[PDB]
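The chain below stands alone and is given as structure tokens, in the form deposited in one PDB entry.
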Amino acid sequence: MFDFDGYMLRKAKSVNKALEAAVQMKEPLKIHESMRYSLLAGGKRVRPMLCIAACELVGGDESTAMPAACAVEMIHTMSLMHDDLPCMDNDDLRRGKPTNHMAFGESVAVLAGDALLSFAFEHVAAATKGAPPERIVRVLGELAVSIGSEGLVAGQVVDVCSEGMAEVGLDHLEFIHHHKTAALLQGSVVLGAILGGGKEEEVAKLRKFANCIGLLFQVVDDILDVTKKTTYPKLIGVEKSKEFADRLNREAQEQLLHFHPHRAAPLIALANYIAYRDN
């Protein structure tokens, strides 16, 4: 497409605007002040974009998807919030700024993350308009599975229980990546499509598309750290790792072969972007 960055930048703005609205300061002020700190921190907003793109993909309307889009960013934000905690990664910084618990303490960091997770469902259940309750509830179930013990959290649990064993196989590595990364991307894209009135067939392709680009990200990210513990290169070598990445990008792009060429452009574009990054 022309101007893929402009696209993503537009999506990011419309989303950041909505995020500001959604989570306003209020009593108790520290719990909210913490939520905004990590949530409105300004980032790429890939998940929210994947959600909206998926919706519009099936004649959906961005308006109808904005709440769910915000929802997936809320989860991501809170995963990252808890992730930086002392009992886990213990990071004092993130993007050049003090991490959340360092600014408000561990208690607030924990709680506010929790606040974002439950609010994620609230906002979707109560703010989502232009879709029948059967659709919304359904979409809520999907978000649920994408972040539970068969998704995000599953991936983040095996990862912390794996820092002990240094003998990890492609099997173990790909699980950690599918759950700790593609799971949420899978959710995002599926929410947009359902709320957009997408047929089950359409919804299934998108689920795959996401999984490919989800894996794609971690692979290409592994390749780069070499052309600049376990990694795709230590396991199959760069040459091979690249082979995989291209297959992953090729496959993802096929899933979108039948939707309108024009409505599919953004995703195809995000796919390539994930493959041909210099960093």
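Definition used throughout: the rigid core is the maximal C-alpha set that superposes within 1.5 Å between two forms. A residue's number is simply how far along the shown sequence it sits, counting from 1.
Q: From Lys228 on to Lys229, does the model leave out none, 1 to 3, 4 to 9, or 10 or more residues of the deposited sequence?
A: Gap between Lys228 and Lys229: 10 or more residues without coordinates.
Q: Could you settle it for me: does 219-227 or 51-59 have the higher average Cα B factor in the PDB entry?
A: In the deposited entry, the stretch with the higher C-alpha B-factor mean is 219-227.
Q: Using only C-alpha atoms and the B-factors in the entry, which stretch averages higher, 157-165 or 129-137?
A: Of 129-137 and 157-165, the stretch with the higher C-alpha B-factor average is 157-165.
Q: Highest Cα temperature factor in the entry, among the options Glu73, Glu142, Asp89, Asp114: which one is it?
A: The record points to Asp89.
Q: Determine, from the deposited record, the chain-internal third of the Cα B-factor for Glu254: lowest, middle or highest.
A: For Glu254, whose C-alpha B-factor we compare with every modelled residue in the chain, the answer is the highest third.
Q: Based on the deposited C-alpha B factors for this chain, I'd like to know if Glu27 is in the lowest, middle or highest third.
A: Lowest third - that is where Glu27 ends up once the chain's C-alpha B-factors are sorted.
Q: Please place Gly105 in the lowest, middle or highest third of its chain by C-alpha B factor as given in the entry.
A: Middle third by C-alpha B-factor.
Q: Could you look up the Cα B-factor of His123 in the entry and say which third of the chain it sits in: lowest, middle or highest?
A: Ranked within chain, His123 CA B lands in the lowest tercile.
Q: In terms of the CA temperature factor given in the entry, to which third of its chain does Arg36 belong: lowest, middle or highest?
A: For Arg36, the deposited C-alpha B-factor lands in the lowest third.
Same protein, other form: the form deposited in another entry, not shown, and the subject of what follows.
Q: Given a cut-off of 2 Å on Cα movement between this form and the one not shown, rigid core as reference, pick the single residue from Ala245, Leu39, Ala210, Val46 that exceeds or meets it.
A: With the rigid core fitted, the residue that moves is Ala245.
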